[PDB]
Structures are given as structure tokens and as C-alpha cells.
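Accompanying notes for the structure given below.
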Amino acid sequence: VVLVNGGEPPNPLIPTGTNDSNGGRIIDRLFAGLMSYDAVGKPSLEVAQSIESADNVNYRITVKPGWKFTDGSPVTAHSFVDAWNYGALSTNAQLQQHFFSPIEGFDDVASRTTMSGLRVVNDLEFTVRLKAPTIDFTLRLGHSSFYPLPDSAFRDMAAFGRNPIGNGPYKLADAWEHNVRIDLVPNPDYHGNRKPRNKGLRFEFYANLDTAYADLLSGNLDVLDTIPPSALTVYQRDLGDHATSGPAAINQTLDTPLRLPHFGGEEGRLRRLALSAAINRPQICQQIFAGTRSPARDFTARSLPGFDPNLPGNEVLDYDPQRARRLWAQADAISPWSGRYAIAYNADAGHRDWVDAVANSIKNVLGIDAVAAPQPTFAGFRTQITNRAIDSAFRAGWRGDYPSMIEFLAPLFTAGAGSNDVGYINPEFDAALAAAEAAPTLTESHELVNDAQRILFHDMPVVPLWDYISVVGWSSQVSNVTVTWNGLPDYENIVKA
């Protein structure tokens, strides 16, 4: 069995209910959707036989015959349409609801329980009608929001999330020791694009990334996808040709909910711009991350298609203490600052050193009580953010689901999105993103997404910090280790001697 790092999923293992990378790395082993992604994020037909559109509005999707879930029930057009309707319907409160927003009839469900734009034709064909041309519709159909579900899921979704049944390359060993590990074995029914080259996976849920690194060194862990900052000056000596580094489509942000004291309206906008000017991204990237973080130049990631590091208005992400103080003073003229600025973080993923450095920078530049506030587990941390119980700023960050800049902005900054943790609402931004999605070409779409980012430079909904250089290490027992475009191991292709 290949031993790899992970963490406890904050939510049950329902694809439309999963918006985080701890649940996501598990769900993506268990299901197969219309398309699958290879290690560079390129989609290929998987469960779909064909996807046809002449107008880029009406899609006819034909399903390959003979696919089944591990409970023996068939994968059909109904398996997709029922899952997608389940995801879109507001009554089911699914975190991935916004991924269905381009489909005609989404507005009715987000008395109707189904989207008029989704129509089953027969067991192996269905049609999708979009409200408009949507540039990353085809590309998105490998994402977990679009996975199919078995008939038994809809009879009891809570039971399903504790014990999911899928159609993908792996299945749960039967498996999930809460806060300890989850065990997966190959699915013998699966004959798709991602056939496993190993006899199973064990995701170990480390309390401490320093422990995970010790386990890698001793051969008690096969793959470690996050070298902790404590090891970034020693890993190359320690692992040699058994560690690989490279840009990944992953970013980090400092999120300050607009509902906190002194952080709403114009006062909050000026304060966020001040915080951004009070952080020296190049200095933290050099000294805390040993060069394995690249300063943010926008709200997405430098390795994505269409990324531009020279957008007009990007100077809001430059270190400028004089500007930071001037902005903070203008905010204080609306309402005088009081109290503490606390940055909450999950301590299990090695964020301590950077959050300490950012708090210290804010305290020293602005002359305020800024501190770091650790929490022990990602799952607890994310739960606090989602139910809005959290009463401070907090770290956040996005791991791309598919290589599309629009995918790094729509889930976080549109009014209705489930991953909009701060309560940012700017209808002008939502409209600019819809314009980008409707562009006649990819080049024009990238230009319009970058035009839409000018609104984000003005409002600073969150503070973009940096993008990732992934560093992944592995044991002498495994080979064929490829790191994907979003920094994860290519799990199905890991071979164990």
C-alpha cells in the first residue's frame, strides 16, 4: 500500500459538499466523471463517449456503456443529472453549488427542485443548456462537483457521506479512522484513464508536518507533498533525486471578514489595502520559505494560462510602509481603530512561521496589536470559517481544480459562492467575470479576466500573499512519482517496489 500525507476532511465525503483539498484528494480517488485530468491538467473523455456542441450553449453528452458503481448499480445519464441537480438546489446547501450556476434553470433552484437546462434523453444521453457561452464549461467536467452518484446516495445522503460508493479507480477498504487515516484499495470494476499502478493508498493524517518529514526520512511515509519550512534548507541534502520542486497552481491569502469591527465598507477597503502594503512578500518568500513561494502579482497563480504579472493597479501588492500608514490613517478618520488584529491558522500544515512574520510586519508598520492565533486542525479551522463563528482574520488559499484563472476567482469572490469566506459582494465584479466567461476566444477570455482583476485590486477582498513552488519528497520504495500542475502527487501512477 502507498503511504501518503493527508488530513481529516472537514465535511462528509459527498462530492458537491467538498470544497477543500483534504476531502478532495480522497473524493478524486473514488469517482470518475465525464472527463478525467492528466498530470498537466488536460481533460480527456472518461465516462463520456462524446460531448457535442455547435453553439457552445447546448451540449449533448453521451455516456459510455457498461460503467457501474462498486454497489453494482449502473452509471447512467440519471447518475449525472440527479447528482448535479442535488448540488444546485439551495435546499441541500452544497458548498459546490456555484459550479452549476452557468446552467439554464439554476436561478429557479438556487418550488422547482431541478434545472430546466438539464434533460435526460435516455439511459446514456443527456443535454445541457447554458444561460450563455461559458469558456471553461468542457474543461470543468473533470471536477468533483460533476461526479455521478449511485441511486442509493439520494435515499440517505448522510449515510453516503460517511461511506461513499463511487465508480472511480479506488474504493474505500471494506476504512476511515477519523483524525487518523483513510485506507483505499483498487476498484476492480474500473477500466478508465487512471488505472492504478499500485495495490492501494493510505492517507495518514499528521498533526505536525515536522513528524511527516521524520517519517519520510525513516521510510515510514512513501510520499510527502508538503516539506515543512523547518526542512526547506535541508531537504535537498536529505532526499537528493527523491525530491522535486516546481511552480504549482496554489496560492495563499490573508482573509479578513467584512463583518469584523473596523473591516466593513470604505473603512474596511482602506484597511485591507493598508494590510497589503504592510507585508513584504519578497522578504518572507526569501527568508521564511527559502525561495519556495513567489510574491503574488494578482489574485490567481503565475503558472495558469493567461497570467500577467504586470497588470495596471498591481502596485497595491508592493511593500510600501508609508502608503500603509496613510491608508490606515484615512480608515481611522472614518472610525478609530481599536482592539487586536489576530490571524487564525491551522498549525498542522506548517503555517506558524509565515503567520508570525506577517503579524510582526503589520504590528511594526501600522503600530497596532497584531498577533498569530493557531488552531490545531484544518478541519476545525474550516468549520469555524464556514459557520462564520470565527471572530478574527484567518489564512486561506486556493489549490486549483482545473487550470483556468476564472476557477481561482468565481468560487472565492462572487456573491453567492460557497468558498466566499469574507462576505465580499461586488455585482460589478460578478458581471465582469460573466463577460470573461462569455468571450468568443480563450485569448479574449484571459484579457477580460485580467480586466476583472482591476476591480479586485481596488476592493482588495482578501490580501493575496504568494503562489507556490511545490516541493514533494518520496521514499526509495516508490517510483514513477509525478507532481501534477496543482502540486499533488499523481496518486494512481505511483509504483511501489
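Letters A, B, ... go to the chains of the C-alpha cells in the order shown; residues in each chain start at 1; ligands are counted from 1 in the same order.
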
When DSSP works through the backbone of this structure, what residues of range 50-266 of chain A end up as helix (DSSP H, G or I), shown as number ranges by chain?
A: 77-88, 90-92, 97-100, 106-109, 139-142, 144-146, 151-155, 157-162, 209-218, 229-231, 235-242, 265-266

Per residue of range 37-108 of chain A within 8 Å of range 180-200 of chain A, which atom pair is closest and at what distance in Å (one decimal), using only C-alpha atoms, listed by chain and increasing number, as JSON lines?
```
{"residue": "A:46", "atom": "CA", "partner": "A:192", "partner_atom": "CA", "distance": 6.2}
{"residue": "A:47", "atom": "CA", "partner": "A:192", "partner_atom": "CA", "distance": 7.7}
{"residue": "A:68", "atom": "CA", "partner": "A:189", "partner_atom": "CA", "distance": 7.4}
{"residue": "A:70", "atom": "CA", "partner": "A:189", "partner_atom": "CA", "distance": 7.3}
```

If DSSP is run on the backbone, what residues of range 244-452 of chain A are strand (DSSP E)? A reply as JSON, numbers by chain would be ideal.
{"A": [244, 245, 246, 247, 248, 249, 250, 251, 252, 253, 254, 255, 293, 294, 295, 340, 341, 342, 343, 344, 345, 346, 369, 370, 371, 372, 373, 374, 375, 393, 394, 395, 396]}

Per residue of range 311-410 of chain A within 10 Å of range 122-143 of chain A, record the nearest atom pair and its distance in Å to one decimal, counting only C-alpha atoms, with rows in chain order and ascending residue number, as a Markdown table.
```
| residue | atom | partner | partner_atom | distance |
| --- | --- | --- | --- | --- |
| A:401 | CA | A:143 | CA | 6.4 |
| A:402 | CA | A:140 | CA | 6.5 |
| A:403 | CA | A:139 | CA | 8.4 |
| A:404 | CA | A:136 | CA | 7.2 |
| A:405 | CA | A:136 | CA | 9.8 |
| A:406 | CA | A:136 | CA | 8.1 |
| A:407 | CA | A:136 | CA | 8.5 |
```

Spatial neighbours of residue 226 in chain A, max dist 9 Å, only C-alpha atoms, sep filter under 5 positions, as a list in words:
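In the requested form, the answer reads residues 5, 209, 212, 213, 349, 350, 470, 471, 472, 473 and 487 of chain A.
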
Include N, CA and C atoms and write out the residues we just selected as a PDB file, in the first residue's frame.
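Below is the file that was written, part_23.pdb:
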```pdb
ATOM      1  N   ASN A   5       0.664  11.586   2.722  1.00  0.00           N
ATOM      2  CA  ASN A   5       0.123  12.512   3.736  1.00  0.00           C
ATOM      3  C   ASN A   5      -1.262  12.966   3.288  1.00  0.00           C
ATOM      4  N   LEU A 209       3.492  18.572  10.443  1.00  0.00           N
ATOM      5  CA  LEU A 209       4.248  18.260   9.203  1.00  0.00           C
ATOM      6  C   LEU A 209       5.706  17.906   9.529  1.00  0.00           C
ATOM      7  N   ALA A 212       5.776  14.259   9.804  1.00  0.00           N
ATOM      8  CA  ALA A 212       5.631  13.649   8.471  1.00  0.00           C
ATOM      9  C   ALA A 212       7.026  13.572   7.812  1.00  0.00           C
ATOM     10  N   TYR A 213       7.821  14.627   7.928  1.00  0.00           N
ATOM     11  CA  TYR A 213       9.176  14.692   7.341  1.00  0.00           C
ATOM     12  C   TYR A 213      10.100  13.651   7.983  1.00  0.00           C
ATOM     13  N   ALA A 349      -0.352  22.337   9.137  1.00  0.00           N
ATOM     14  CA  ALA A 349       0.161  22.476   7.754  1.00  0.00           C
ATOM     15  C   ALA A 349       1.371  23.419   7.695  1.00  0.00           C
ATOM     16  N   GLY A 350       2.049  23.650   8.827  1.00  0.00           N
ATOM     17  CA  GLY A 350       3.335  24.383   8.937  1.00  0.00           C
ATOM     18  C   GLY A 350       3.233  25.868   8.616  1.00  0.00           C
ATOM     19  N   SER A 470       5.826  24.019  -5.249  1.00  0.00           N
ATOM     20  CA  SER A 470       5.621  22.678  -4.653  1.00  0.00           C
ATOM     21  C   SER A 470       6.977  22.001  -4.462  1.00  0.00           C
ATOM     22  N   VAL A 471       7.204  21.430  -3.289  1.00  0.00           N
ATOM     23  CA  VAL A 471       8.371  20.564  -3.027  1.00  0.00           C
ATOM     24  C   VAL A 471       7.767  19.282  -2.498  1.00  0.00           C
ATOM     25  N   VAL A 472       8.030  18.178  -3.203  1.00  0.00           N
ATOM     26  CA  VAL A 472       7.448  16.851  -2.867  1.00  0.00           C
ATOM     27  C   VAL A 472       8.602  15.874  -2.711  1.00  0.00           C
ATOM     28  N   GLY A 473       8.578  15.045  -1.662  1.00  0.00           N
ATOM     29  CA  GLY A 473       9.627  14.066  -1.390  1.00  0.00           C
ATOM     30  C   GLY A 473       9.046  12.678  -1.375  1.00  0.00           C
ATOM     31  N   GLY A 487       0.205  20.625  -7.677  1.00  0.00           N
ATOM     32  CA  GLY A 487       1.077  20.278  -6.541  1.00  0.00           C
ATOM     33  C   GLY A 487       0.779  18.964  -5.883  1.00  0.00           C
TER      34      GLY A 487
END
```

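The spacing separating CA of residue 48 in chain A from CA of residue 33 in chain A amounts to 7.8 Å.
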
Write out as a PyMOL selection string each polymer residue whose atoms come within 12 Å of residue 420 in chain A, counting only C-alpha atoms; drop sequence neighbours fewer than 4 positions from it.
chain A and resi 19+95-96+98+255-258+385-388+396-398+408-416+424-426+461-462

Give me a file of those residues, with N, CA and C atoms, as a tab-separated table (two decimals), in the first residue's frame.
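As written to disk, again-v4.tsv reads:
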```tsv
chain	number	residue	atom	x	y	z
A	19	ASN	N	-15.30	21.27	-0.56
A	19	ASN	CA	-14.63	22.43	-1.18
A	19	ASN	C	-13.17	22.56	-0.75
A	95	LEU	N	-21.77	23.04	-0.67
A	95	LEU	CA	-20.67	24.03	-0.80
A	95	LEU	C	-20.27	24.29	-2.28
A	96	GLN	N	-20.44	23.31	-3.16
A	96	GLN	CA	-20.00	23.40	-4.58
A	96	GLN	C	-21.15	23.88	-5.49
A	98	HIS	N	-22.10	26.72	-6.58
A	98	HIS	CA	-21.84	27.75	-7.62
A	98	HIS	C	-21.32	27.16	-8.93
A	255	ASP	N	-7.24	36.61	4.84
A	255	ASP	CA	-8.70	36.89	4.77
A	255	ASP	C	-9.19	37.57	6.03
A	256	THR	N	-9.87	38.67	5.88
A	256	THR	CA	-10.38	39.50	6.99
A	256	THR	C	-11.86	39.70	6.73
A	257	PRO	N	-12.77	38.94	7.39
A	257	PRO	CA	-14.19	39.12	7.08
A	257	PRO	C	-14.70	40.56	7.18
A	258	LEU	N	-15.58	40.94	6.23
A	258	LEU	CA	-16.09	42.33	6.20
A	258	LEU	C	-16.99	42.61	7.40
A	385	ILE	N	-14.85	28.85	9.96
A	385	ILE	CA	-14.94	29.83	8.85
A	385	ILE	C	-16.28	29.68	8.16
A	386	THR	N	-16.66	28.46	7.88
A	386	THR	CA	-17.89	28.10	7.13
A	386	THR	C	-19.14	28.52	7.91
A	387	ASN	N	-19.20	28.30	9.21
A	387	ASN	CA	-20.40	28.66	10.01
A	387	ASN	C	-20.30	30.12	10.48
A	388	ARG	N	-19.22	30.84	10.13
A	388	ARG	CA	-18.96	32.27	10.47
A	388	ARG	C	-18.85	32.47	11.98
A	396	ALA	N	-6.00	31.75	4.23
A	396	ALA	CA	-6.78	30.97	3.28
A	396	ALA	C	-5.91	30.71	2.05
A	397	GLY	N	-6.42	29.93	1.15
A	397	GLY	CA	-5.62	29.69	-0.06
A	397	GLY	C	-6.36	28.73	-0.93
A	398	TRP	N	-6.00	28.76	-2.19
A	398	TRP	CA	-6.74	28.03	-3.23
A	398	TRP	C	-5.75	27.11	-3.94
A	408	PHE	N	-10.11	30.27	-10.16
A	408	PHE	CA	-9.46	30.80	-8.95
A	408	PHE	C	-10.20	32.04	-8.43
A	409	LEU	N	-11.19	32.55	-9.19
A	409	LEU	CA	-11.85	33.81	-8.79
A	409	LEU	C	-13.35	33.58	-8.53
A	410	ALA	N	-14.05	32.85	-9.40
A	410	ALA	CA	-15.51	32.67	-9.25
A	410	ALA	C	-15.83	32.03	-7.90
A	411	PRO	N	-15.16	30.95	-7.44
A	411	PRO	CA	-15.50	30.30	-6.19
A	411	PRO	C	-15.28	31.09	-4.91
A	412	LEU	N	-14.47	32.16	-5.01
A	412	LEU	CA	-13.99	32.91	-3.84
A	412	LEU	C	-14.64	34.28	-3.76
A	413	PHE	N	-14.91	34.90	-4.92
A	413	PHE	CA	-15.22	36.36	-4.89
A	413	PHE	C	-16.59	36.69	-5.49
A	414	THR	N	-17.35	35.73	-5.97
A	414	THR	CA	-18.72	36.02	-6.49
A	414	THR	C	-19.71	35.95	-5.33
A	415	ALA	N	-20.82	36.67	-5.43
A	415	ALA	CA	-21.67	36.99	-4.27
A	415	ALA	C	-22.18	35.72	-3.62
A	416	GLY	N	-22.62	34.75	-4.42
A	416	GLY	CA	-23.27	33.54	-3.91
A	416	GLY	C	-22.33	32.37	-3.62
A	424	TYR	N	-17.48	39.11	0.69
A	424	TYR	CA	-17.30	40.15	-0.34
A	424	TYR	C	-18.44	40.10	-1.34
A	425	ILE	N	-18.99	41.28	-1.69
A	425	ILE	CA	-20.05	41.34	-2.70
A	425	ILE	C	-19.78	42.58	-3.55
A	426	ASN	N	-19.55	42.36	-4.81
A	426	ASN	CA	-19.42	43.48	-5.77
A	426	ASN	C	-20.08	42.99	-7.06
A	461	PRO	N	-10.55	42.29	-1.71
A	461	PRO	CA	-11.49	41.49	-0.94
A	461	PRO	C	-10.76	40.62	0.08
A	462	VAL	N	-9.63	40.07	-0.34
A	462	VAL	CA	-8.66	39.36	0.56
A	462	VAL	C	-7.30	39.94	0.17
```

Neighbour list for residue 262 in chain A as a list in words, cut-off 10 Å, only C-alpha atoms, skip fewer than 6 positions in-chain:
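Non-adjacent residues within range: residues 268, 269, 271, 331, 332, 334, 335, 336, 337, 338 and 339 of chain A.
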
Go ahead and dump the residues you just picked, C-alpha atoms, as a PDB file, in the first residue's frame.
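Wrote again_13.pdb, looks like this:
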```pdb
ATOM      1  CA  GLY A 268     -12.527  48.064   5.579  1.00  0.00           C
ATOM      2  CA  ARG A 269     -11.412  48.612   1.967  1.00  0.00           C
ATOM      3  CA  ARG A 271      -7.644  48.847   5.966  1.00  0.00           C
ATOM      4  CA  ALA A 331      -9.594  54.485   7.651  1.00  0.00           C
ATOM      5  CA  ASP A 332      -9.137  55.839  11.232  1.00  0.00           C
ATOM      6  CA  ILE A 334     -13.994  57.059   9.330  1.00  0.00           C
ATOM      7  CA  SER A 335     -13.776  55.200  12.646  1.00  0.00           C
ATOM      8  CA  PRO A 336     -10.790  54.991  15.058  1.00  0.00           C
ATOM      9  CA  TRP A 337      -9.067  51.569  15.153  1.00  0.00           C
ATOM     10  CA  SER A 338      -9.352  49.673  18.482  1.00  0.00           C
ATOM     11  CA  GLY A 339      -8.681  46.133  19.661  1.00  0.00           C
TER      12      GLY A 339
END
```

Coordinates-based distance that separates CA of residue 250 in chain A from CA of residue 394 in chain A (Å, one decimal):
17.0 Å
